[PDB]
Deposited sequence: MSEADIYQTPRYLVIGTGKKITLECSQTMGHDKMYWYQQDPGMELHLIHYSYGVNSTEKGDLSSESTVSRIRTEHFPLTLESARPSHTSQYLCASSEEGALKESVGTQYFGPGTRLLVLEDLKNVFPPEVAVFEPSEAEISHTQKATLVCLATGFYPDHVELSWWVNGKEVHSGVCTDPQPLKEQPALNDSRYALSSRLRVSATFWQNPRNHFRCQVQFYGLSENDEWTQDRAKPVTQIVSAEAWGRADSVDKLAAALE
């Protein structure tokens, strides 16, 4: 496949960034794209092969040394760089082929990191009214007070992640939208059969993965450093 790390990165001005792109498909051609919100994809760097080094869009540099690796580097970071970065490769075709893309990186460059906050997660159990009415049970999860917007919320039932019966807000809400830098809130729903919920041996866990600072980063504030971390909330099925 084609891989990229990190998915989310928030960093201060002046620091050096390196973005990872790797493929086991043994493709010779590889591409880097910069995509702003509601923006078209922009070719930034590309490589024909294993020494090949500038795309159609104009500070970053790329390094092709070993076939599988095509990392991208920003020597000195600036807010201007904030954007999404996609990497791609190409298959065999008439001498571009089929283009494969990675998950991309959401890059956020802030001048000050004092605003970054970890989320608070809470689970709310199904109402009795809904159960008897619809013979169904909906749980709601809330993640709040988090900045920046980098977050991944997931549901785990009896230890295994579940994608079915799950709905997550496409976009998070600003808590104070009048403010440019504002902590967020995000909700999700998991809906299961009533009897399923009514089994007490059933475990439900809402997990939010927050992408914050690192131990390496400097923190002068009173509260604990808002590092990358997992915040969870859980509920056990209720027997009526």
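- Numbering the deposited sequence from 1, one finds several regions with no C-alpha coordinates, namely 1-4, 58, 64, 102-104, 250-259.
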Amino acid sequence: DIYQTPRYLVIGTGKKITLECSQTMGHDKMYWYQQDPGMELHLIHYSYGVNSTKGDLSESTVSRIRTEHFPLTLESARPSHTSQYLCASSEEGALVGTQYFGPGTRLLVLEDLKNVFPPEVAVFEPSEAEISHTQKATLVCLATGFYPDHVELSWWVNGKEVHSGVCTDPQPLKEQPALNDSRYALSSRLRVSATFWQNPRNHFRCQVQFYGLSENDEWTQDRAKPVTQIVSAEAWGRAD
From here on, numbers count along this sequence of modelled residues.
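- As the entry records it, the average C-alpha temperature factor is higher for 65-73, out of 65-73 and 185-193.
- In this crystal structure, the stretch out of 198-206 and 26-34 whose C-alpha atoms carry the higher mean B factor is 26-34.
- Per the PDB entry, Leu95 shows the highest C-alpha temperature factor of the residues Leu95, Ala143, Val140, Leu86.
- The PDB entry assigns the greatest CA B-factor among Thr82, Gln135, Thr168, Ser90 to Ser90.
- Sort the modelled residues of the chain by CA B factor and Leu43 lands in the middle third.
- Per the deposited record, the Cα B-factor of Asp149 falls in the middle third when ranked against the other modelled residues of its chain.
- Placement of the Cα temperature factor of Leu213 within the chain: lowest third of the modelled residues, per the deposited record.
- When all modelled residues of the chain are sorted by CA temperature factor, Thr228 is found within the lowest third.
- The PDB entry assigns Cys21 a C-alpha temperature factor belonging to the highest third of its chain's modelled residues.
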